[PDB]
Amino acid sequence: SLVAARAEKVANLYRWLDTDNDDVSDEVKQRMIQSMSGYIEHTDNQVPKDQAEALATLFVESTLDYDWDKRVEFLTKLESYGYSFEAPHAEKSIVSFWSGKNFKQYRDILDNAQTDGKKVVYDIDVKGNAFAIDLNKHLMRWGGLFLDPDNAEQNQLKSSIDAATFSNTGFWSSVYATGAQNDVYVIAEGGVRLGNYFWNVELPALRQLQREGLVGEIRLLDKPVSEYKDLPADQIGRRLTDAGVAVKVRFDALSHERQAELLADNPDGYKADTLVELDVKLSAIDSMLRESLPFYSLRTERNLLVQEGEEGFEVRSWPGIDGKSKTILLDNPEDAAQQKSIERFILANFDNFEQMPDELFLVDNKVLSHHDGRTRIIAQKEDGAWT
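Residues 1968 to 1989, 2007 to 2371 in the deposited numbering are what the sequence shown spells out, letter by letter.
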């Protein structure tokens, strides 16, 4: 179970970043689920004839519910079938946030480009990863086939199968990339744009992952394939760490005084639809990341996992021995200064998880605690006077 450990780490980020902007029928679901059962049960693979309808219920449940526990479940349940999403050392080449025509072409370019004697590992070259994506795509196939765009909340189901399955792929690419840690080559096709999933959720994951040492030396391929062909390795990919992120906006959505400037040079080369590339500072991405993630230091230092709870928060052990739930509650759950105290406090104090209270609590510069009975252990005074 080498996938549960890392996969747990990455799903954590996606929970935080995705969740910032993210009824269903059961009759329709069980048809979905059942073709789900049918794909695997009656296709050639290590799908138990018993637990093959147990995967097309977990898979579809995990994806569309956006249960991140059922996502690691089905990652590691696939690891319980001889599957593997750890790459064979070498150098990884994740391209999976997008899909464009010229994806094969980048590989041909890349392998000859990396003249070592060794070729570049692919995320869809992996044993288990490659199963999962095929399962994803069947939902996708199921997606645009048994749902009609002009019969009400049936297009709403499709738009949600596309939005889950995209969450899935980007998740798997990150956990794959977390494996080996040998530097990645994300290949964005049209060019990283802004306002989409990849940008708000997926890109922060990679750099937030990378910072934590998990992955390293990410290079982004946005310029057309022609641009790369054969030159020194440095002209291959825009390194994340150099400068900022080379995104593409449209003239339309650009400034009013910056359209004028743009038409001073090359005065009728720009139209409404025309796409203009402008570097996003890499300083800005980092900063929204360390504010997109509560108890940001607890994650790094004390090998804990914090996540939003029904009313408070939920700290757990990083390698999940068990699905226990030492919580952390606050009088203002939304005050950052309160949070910072509780973090600073349980940081300067507890060294590990199992050394934690059932449930901690911060009320008006006072600290509660659980054990077996509420024990108030701090002081609103300049230095916290324990007990």
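Built from N, CA and C at the ideal position, the CB exists for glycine as well.
Please return the same chain residues whose Cβ sits closer than 8 Å to the Cβ of residue i, not counting the five positions on each side in sequence.
i: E2063; result: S1968, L1969, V1970, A1971, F2069, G2112
i: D2348; result: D2315, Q2364
i: residue 2374; result: Since the first residue of the chain shown is 1968 and the last is 2371, residue 2374 is not available in this structure.
How many angstroms separate the CA atom of residue i from the CA atom of residue j?
i: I2024; j: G2163; result: 26 Å
i: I2117; j: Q2138; result: 24 Å
i: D2315; j: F2345; result: 8 Å
i: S2077; j: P2188; result: 18 Å
i: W2370; j: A2114; result: 54 Å
i: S2151; j: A2363; result: 44 Å
i: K2255; j: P2317; result: 47 Å
i: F2043; j: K2061; result: 10 Å
i: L1980; j: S2271; result: 15 Å
i: residue 2373; j: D2010; result: What is shown of the chain runs 1968 to 2371, which leaves residue 2373 out entirely.
i: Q2140; j: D2132; result: 10 Å
i: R2274; j: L2288; result: 16 Å
i: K2232; j: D2257; result: 12 Å
i: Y2181; j: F2155; result: 12 Å
i: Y2067; j: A2268; result: 38 Å
i: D2028; j: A2036; result: 12 Å
i: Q2030; j: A2038; result: 13 Å
i: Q2098; j: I2330; result: 47 Å
i: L2178; j: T2284; result: 28 Å
i: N2166; j: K2102; result: 13 Å
i: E2327; j: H2355; result: 19 Å
i: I2145; j: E1975; result: 23 Å
Can you say whether residue i is buried or exposed, counting buried as having 16 or more other CB atoms within 10 angstroms of its CB?
i: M2340; result: buried
i: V2008; result: exposed
i: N2096; result: exposed
i: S2021; result: buried
i: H2073; result: exposed
i: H2240; result: exposed
i: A2071; result: buried
i: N2135; result: exposed
i: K2310; result: buried
i: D2218; result: exposed
i: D1985; result: buried
Looking only at its chain, what residues have a beta carbon closer than 6 Å to the beta carbon of residue i, apart from the 5 residues adjacent to it on each side?
i: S2301; result: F2337
i: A2148; result: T2047, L2048
i: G2368; result: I2362
i: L2198; result: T2162
i: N2120; result: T2149, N2152
So that I know if they touch, is there some Cβ in chain D lying closer than 8 Å to that of residue i?
i: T2041; result: The structure shown contains no chain D; it is built from a single protein chain.
Meets three-Cβ-pair contact criterion under 8 Å: the stretch 2191 to 2206 and the stretch 2217 to 2224: yes
So does the stretch 2154 to 2169 actually touch the stretch 2102 to 2110, counting three or more Cβ pairs closer than 8 Å? yes
Check whether the stretch 2115 to 2133 touches the stretch 2007 to 2024, counting contact only when three or more Cβ pairs, one atom from each stretch, lie closer than 8 Å. yes
Three or more beta-carbon pairs under 8 Å between the stretch 2040 to 2048 and the stretch 2082 to 2096, yes or no? no
At what residue ranges does the stretch 2168 to 2234 contain a whole run of the alpha helix (DSSP H), taking only runs of 4 or more? 2187 to 2195
How about the stretch 2191 to 2200 and the stretch 2210 to 2218: do they share at least three Cβ pairs that are nearer than 8 Å? no
Whole runs of the alpha helix (DSSP H) within the stretch 2257 to 2322, excluding any shorter than 4 residues: 2266 to 2276, 2280 to 2284
Length-filtered (3 minimum) beta strand (DSSP E) runs lying within the stretch 2055 to 2116: none
Secondary structure, beta strand (DSSP E): runs of 3+ residues fully inside the stretch 2320 to 2351: 2343 to 2347
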